[PDB]
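Novice: My structure file structure-v1.cif, mmCIF, C-alpha atoms and all ligand atoms, is below:
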```cif
data_input
loop_
_atom_site.label_atom_id
_atom_site.label_comp_id
_atom_site.auth_asym_id
_atom_site.auth_seq_id
_atom_site.Cartn_x
_atom_site.Cartn_y
_atom_site.Cartn_z
CA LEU A 1 41.74 -14.92 2.16
CA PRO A 2 42.04 -14.56 5.97
CA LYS A 3 38.86 -14.90 8.06
CA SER A 4 39.74 -11.56 9.70
CA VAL A 5 42.34 -8.80 9.35
CA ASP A 6 43.32 -5.91 11.62
CA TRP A 7 46.25 -3.78 10.48
CA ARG A 8 46.11 -1.77 13.75
CA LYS A 9 47.50 -4.83 15.51
CA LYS A 10 50.55 -4.85 13.22
CA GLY A 11 51.68 -1.25 13.63
CA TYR A 12 50.35 0.13 10.30
CA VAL A 13 47.94 2.68 11.75
CA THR A 14 48.42 6.04 13.50
CA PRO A 15 46.23 7.21 16.42
CA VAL A 16 42.86 8.70 15.50
CA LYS A 17 42.92 12.29 14.20
CA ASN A 18 40.29 15.04 14.14
CA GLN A 19 39.42 17.06 11.01
CA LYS A 20 37.39 19.50 13.10
CA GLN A 21 35.26 21.96 11.14
CA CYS A 22 36.98 21.53 7.78
CA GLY A 23 35.75 19.29 4.97
CA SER A 24 39.02 17.41 4.73
CA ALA A 25 38.09 13.80 5.44
CA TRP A 26 39.44 12.92 2.00
CA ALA A 27 42.86 14.09 3.17
CA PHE A 28 42.77 12.03 6.36
CA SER A 29 41.70 8.97 4.38
CA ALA A 30 44.63 9.52 2.00
CA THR A 31 47.25 10.07 4.71
CA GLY A 32 45.98 6.95 6.51
CA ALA A 33 46.49 4.82 3.44
CA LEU A 34 49.89 6.31 2.76
CA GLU A 35 50.91 5.84 6.41
CA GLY A 36 50.20 2.13 6.09
CA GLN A 37 52.07 1.72 2.82
CA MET A 38 55.09 3.65 4.01
CA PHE A 39 55.10 1.38 7.10
CA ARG A 40 54.97 -1.70 4.95
CA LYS A 41 57.95 -0.37 3.00
CA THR A 42 60.20 0.95 5.77
CA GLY A 43 59.12 -0.37 9.12
CA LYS A 44 58.60 3.18 10.40
CA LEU A 45 55.21 4.60 11.29
CA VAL A 46 55.24 8.35 10.63
CA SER A 47 52.19 10.59 10.84
CA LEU A 48 51.61 12.41 7.52
CA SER A 49 50.37 15.96 6.79
CA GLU A 50 46.72 16.45 5.92
CA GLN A 51 47.34 20.19 5.80
CA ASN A 52 49.86 19.68 3.05
CA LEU A 53 47.13 18.01 1.01
CA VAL A 54 44.52 20.65 1.89
CA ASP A 55 46.74 23.57 0.94
CA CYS A 56 48.49 22.16 -2.13
CA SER A 57 46.30 19.81 -4.14
CA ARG A 58 43.91 22.27 -5.75
CA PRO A 59 45.48 21.72 -9.23
CA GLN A 60 44.62 18.03 -9.04
CA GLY A 61 41.00 18.87 -8.44
CA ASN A 62 40.75 18.94 -4.62
CA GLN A 63 38.98 21.87 -2.88
CA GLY A 64 40.65 21.97 0.50
CA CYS A 65 38.18 22.39 3.34
CA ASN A 66 35.31 22.25 0.79
CA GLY A 67 35.94 18.62 -0.19
CA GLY A 68 38.20 16.41 -2.31
CA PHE A 69 39.00 12.89 -3.36
CA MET A 70 41.59 10.41 -2.21
CA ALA A 71 42.69 9.45 -5.72
CA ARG A 72 43.36 13.11 -6.48
CA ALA A 73 45.49 13.24 -3.33
CA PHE A 74 47.57 10.24 -4.41
CA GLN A 75 47.90 11.96 -7.81
CA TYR A 76 49.22 15.05 -6.11
CA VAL A 77 51.76 13.10 -4.12
CA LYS A 78 53.01 11.43 -7.35
CA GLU A 79 53.20 14.66 -9.31
CA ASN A 80 54.71 16.50 -6.40
CA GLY A 81 57.43 14.05 -5.62
CA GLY A 82 56.66 13.88 -1.91
CA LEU A 83 54.47 14.64 1.13
CA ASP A 84 55.47 16.27 4.41
CA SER A 85 55.17 14.87 7.94
CA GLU A 86 52.37 15.93 10.29
CA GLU A 87 54.99 17.29 12.52
CA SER A 88 56.61 19.54 9.99
CA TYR A 89 53.37 20.71 8.34
CA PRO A 90 50.73 20.83 11.12
CA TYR A 91 46.98 20.63 10.81
CA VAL A 92 44.98 23.84 11.38
CA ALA A 93 41.64 22.96 9.80
CA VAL A 94 41.41 25.95 7.39
CA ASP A 95 42.57 26.58 3.81
CA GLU A 96 46.06 28.09 3.83
CA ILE A 97 49.07 28.89 1.58
CA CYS A 98 50.87 25.86 0.20
CA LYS A 99 54.02 25.42 2.26
CA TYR A 100 55.30 22.13 0.85
CA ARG A 101 58.95 21.57 1.70
CA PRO A 102 60.83 18.79 -0.08
CA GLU A 103 63.38 18.55 2.72
CA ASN A 104 60.56 17.54 5.07
CA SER A 105 59.09 14.87 2.84
CA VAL A 106 58.67 11.43 4.41
CA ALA A 107 56.48 9.77 1.81
CA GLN A 108 56.16 9.13 -1.92
CA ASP A 109 53.91 7.27 -4.33
CA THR A 110 54.01 6.40 -8.05
CA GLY A 111 50.29 6.52 -8.56
CA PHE A 112 47.43 4.51 -7.09
CA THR A 113 45.41 1.33 -7.59
CA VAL A 114 41.62 1.27 -7.84
CA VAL A 115 39.50 -1.49 -6.32
CA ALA A 116 36.81 -2.66 -8.78
CA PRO A 117 33.71 -0.51 -8.05
CA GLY A 118 31.04 -2.09 -5.97
CA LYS A 119 32.96 -5.26 -5.33
CA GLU A 120 33.14 -6.06 -1.62
CA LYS A 121 35.06 -9.19 -2.45
CA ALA A 122 37.59 -7.14 -4.32
CA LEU A 123 37.87 -4.78 -1.37
CA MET A 124 38.40 -7.78 0.91
CA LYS A 125 41.28 -8.97 -1.24
CA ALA A 126 42.93 -5.56 -1.21
CA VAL A 127 42.59 -5.17 2.57
CA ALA A 128 44.07 -8.63 3.11
CA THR A 129 46.98 -8.32 0.75
CA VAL A 130 47.94 -4.64 0.81
CA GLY A 131 47.15 -2.90 4.09
CA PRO A 132 44.64 -0.15 5.01
CA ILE A 133 42.50 1.03 2.04
CA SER A 134 41.00 4.49 1.37
CA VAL A 135 37.22 4.35 0.84
CA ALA A 136 34.33 6.69 0.29
CA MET A 137 31.06 6.24 2.23
CA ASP A 138 27.67 7.76 2.92
CA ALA A 139 28.14 9.19 6.47
CA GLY A 140 25.31 11.71 6.30
CA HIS A 141 23.15 10.25 9.11
CA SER A 142 22.45 10.98 12.73
CA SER A 143 22.78 7.30 13.36
CA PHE A 144 26.41 7.61 12.20
CA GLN A 145 27.05 10.69 14.21
CA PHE A 146 25.93 8.95 17.36
CA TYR A 147 27.36 5.53 16.58
CA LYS A 148 28.86 3.82 19.62
CA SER A 149 28.78 0.00 19.41
CA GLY A 150 27.77 -2.94 17.25
CA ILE A 151 27.70 -3.52 13.52
CA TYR A 152 26.49 -0.30 11.91
CA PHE A 153 23.51 -0.74 9.55
CA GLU A 154 21.43 2.18 8.36
CA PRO A 155 18.45 1.69 6.03
CA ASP A 156 18.82 5.21 4.77
CA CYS A 157 22.38 4.58 3.54
CA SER A 158 23.22 5.04 -0.11
CA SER A 159 25.80 2.91 -1.98
CA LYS A 160 26.01 5.54 -4.72
CA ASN A 161 25.70 9.03 -3.31
CA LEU A 162 28.70 9.34 -0.99
CA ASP A 163 29.95 12.23 1.12
CA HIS A 164 32.81 11.14 3.33
CA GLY A 165 36.26 9.53 3.04
CA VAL A 166 37.42 7.00 5.64
CA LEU A 167 40.00 4.22 6.02
CA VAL A 168 39.31 0.47 6.06
CA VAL A 169 41.88 -1.02 8.46
CA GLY A 170 40.59 -4.61 8.46
CA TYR A 171 37.50 -6.81 8.60
CA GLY A 172 36.09 -9.37 10.99
CA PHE A 173 33.05 -11.19 12.22
CA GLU A 174 31.00 -11.73 15.35
CA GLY A 175 30.71 -15.14 16.96
CA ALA A 176 32.26 -18.41 15.85
CA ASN A 177 31.07 -18.51 12.28
CA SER A 178 33.37 -16.53 10.01
CA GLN A 179 30.73 -16.53 7.29
CA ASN A 180 28.09 -14.39 8.97
CA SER A 181 27.67 -11.24 11.11
CA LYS A 182 30.62 -9.79 9.15
CA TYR A 183 31.97 -6.23 9.38
CA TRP A 184 34.49 -3.76 7.98
CA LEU A 185 36.83 -2.11 10.55
CA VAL A 186 36.74 1.62 9.71
CA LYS A 187 38.93 4.48 10.98
CA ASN A 188 37.18 7.87 11.05
CA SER A 189 38.68 11.39 11.38
CA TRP A 190 36.26 12.80 13.96
CA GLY A 191 38.56 12.35 16.97
CA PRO A 192 38.94 9.36 19.35
CA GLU A 193 35.85 10.50 21.23
CA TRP A 194 33.58 9.78 18.29
CA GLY A 195 32.35 6.28 17.86
CA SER A 196 34.29 3.42 19.39
CA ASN A 197 37.64 5.11 20.08
CA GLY A 198 37.26 6.84 16.66
CA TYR A 199 36.35 3.52 14.90
CA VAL A 200 33.18 1.91 13.58
CA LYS A 201 32.17 -1.59 12.48
CA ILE A 202 30.27 -1.30 9.19
CA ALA A 203 28.12 -4.18 7.97
CA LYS A 204 30.05 -6.36 5.46
CA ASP A 205 28.49 -8.44 2.63
CA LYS A 206 25.21 -6.57 3.08
CA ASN A 207 25.09 -5.27 -0.46
CA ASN A 208 27.96 -2.77 -0.34
CA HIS A 209 26.47 -0.99 2.68
CA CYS A 210 26.95 2.80 2.71
CA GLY A 211 29.10 2.51 -0.43
CA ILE A 212 32.23 1.19 1.23
CA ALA A 213 33.41 -0.65 -1.92
CA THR A 214 32.13 1.95 -4.44
CA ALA A 215 35.24 4.12 -4.68
CA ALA A 216 38.13 2.43 -2.93
CA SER A 217 41.83 2.97 -3.70
CA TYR A 218 45.35 2.76 -2.32
CA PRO A 219 48.72 4.45 -3.12
CA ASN A 220 51.50 2.56 -4.89
CA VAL A 221 54.74 3.03 -3.00
CL CL B 1 38.89 8.86 -4.54
CL CL B 2 30.82 -4.01 19.21
CL CL B 3 39.39 -0.23 19.91
#
```
Could you spell out this file's structure in structure tokens?

Specialist:
Amino acid sequence: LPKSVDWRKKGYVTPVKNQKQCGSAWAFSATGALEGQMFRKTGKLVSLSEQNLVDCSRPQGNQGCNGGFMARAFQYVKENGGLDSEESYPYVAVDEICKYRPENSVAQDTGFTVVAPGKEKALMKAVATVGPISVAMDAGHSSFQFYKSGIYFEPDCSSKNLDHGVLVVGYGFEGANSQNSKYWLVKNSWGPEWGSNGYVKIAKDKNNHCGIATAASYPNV
């Protein structure tokens, strides 16, 4: 596998978004993964609608602004036959009536692939071969809220009890040795002002830190 990967440098990733006061990170994680796969398939980067997922995927088990899961979102896109663009179905950060319009669909998936649970090496293979990967993590810490620089490492982090969905866009390392001081490149949905331009480096190969490889998945397009 490559010593480092950064799908942002290849055009696969949209600018950082902001979920605001709605518990929809699962939807931003899912649109980010679908944006990358649609780019890999067509060469066009098109921002996708989180609101479409918030409003319409209750049957699949999502709860809108009260939480959800990325795999359930990919399930909805498969069952639904499509997903609207951000532009045609704008984000308003509250639960609303489903307004899915097939004529505005710009994405599709046939299901999704699961990374083996807990395997950082398996997550590394998927990031390297596929593109950006949806992942769950434990983000419930002030140290995460005020993250700014460096490789994030929080002793209080759980690898099992997770509460946030994010997007792994690559991986890398500090210094000249590719085998140490490793990190995951993670896209958040708290706006560009949060973190490092909306991104965070999470410690890699430090026993599945914050659960990054516990529940990872990507859409099949
Ligand atoms: Cl999931
Ligand atoms: Cl840094
Ligand atoms: Cl940056």

Novice: Determine, for each residue of chain A having at least one atom at most 10 Å from an atom of ligand CL 1 (chain B), the closest pair of atoms and their separation in Å to one decimal, counting only C-alpha atoms and all ligand atoms; order by chain and ascending number, as CSV.

Specialist:
```
residue,atom,partner,partner_atom,distance
A:26,CA,B:CL1,CL,7.7
A:29,CA,B:CL1,CL,9.4
A:30,CA,B:CL1,CL,8.7
A:68,CA,B:CL1,CL,7.9
A:69,CA,B:CL1,CL,4.2
A:70,CA,B:CL1,CL,3.9
A:71,CA,B:CL1,CL,4.0
A:72,CA,B:CL1,CL,6.5
A:73,CA,B:CL1,CL,8.0
A:74,CA,B:CL1,CL,8.8
A:112,CA,B:CL1,CL,9.9
A:114,CA,B:CL1,CL,8.7
A:134,CA,B:CL1,CL,7.6
A:135,CA,B:CL1,CL,7.2
A:136,CA,B:CL1,CL,7.0
A:165,CA,B:CL1,CL,8.1
A:214,CA,B:CL1,CL,9.7
A:215,CA,B:CL1,CL,6.0
A:216,CA,B:CL1,CL,6.7
A:217,CA,B:CL1,CL,6.6
A:218,CA,B:CL1,CL,9.2
```

Novice: Within 12 Å of residue 184 (chain A), counting all atoms listed in the file, which residues show up once you throw out same-chain ones fewer than 3 positions away? Write them as a PyMOL selection string, please.

Specialist: chain A and resi 3-6+120-121+123-124+127-128+132-133+135+150-153+166-174+181+187+199-206+208-213

Novice: I want to know what sits within 10 Å of residue 90 (chain A), based on only C-alpha atoms, with residues of the same chain fewer than 5 positions away left out; could you give that as number ranges by chain?

Specialist: A: 48-52, 84-85

Novice: Could you dump the residues just selected with C-alpha atoms as a compact mmCIF listing (two decimals), in the coordinates of the input?

Specialist:
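Final output, result.txt:
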```
# COMPACT_ATOMS: atom_id res chain seq x y z
CA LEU A 48 51.61 12.41 7.52
CA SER A 49 50.37 15.96 6.79
CA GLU A 50 46.72 16.45 5.92
CA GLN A 51 47.34 20.19 5.80
CA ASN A 52 49.86 19.68 3.05
CA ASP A 84 55.47 16.27 4.41
CA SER A 85 55.17 14.87 7.94
```

Novice: Quick one: of A:25, A:145, A:17, A:10, who's nearest to residue 43 (chain A), counting all atoms listed in the file?

Specialist: A:10

Novice: Measuring between only C-alpha atoms, which one of A:64, A:219, A:2, A:198 shows the shortest distance to residue 107 (chain A)?

Specialist: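 Among A:64, A:219, A:2, A:198, it is A:219 that comes nearest to residue 107 (chain A).
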
Novice: Counting all atoms listed in the file, which of A:99, A:20, A:148, A:8 gets nearest to residue 36 (chain A)?

Specialist: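 Closest residue, counting all atoms listed in the file: A:8.
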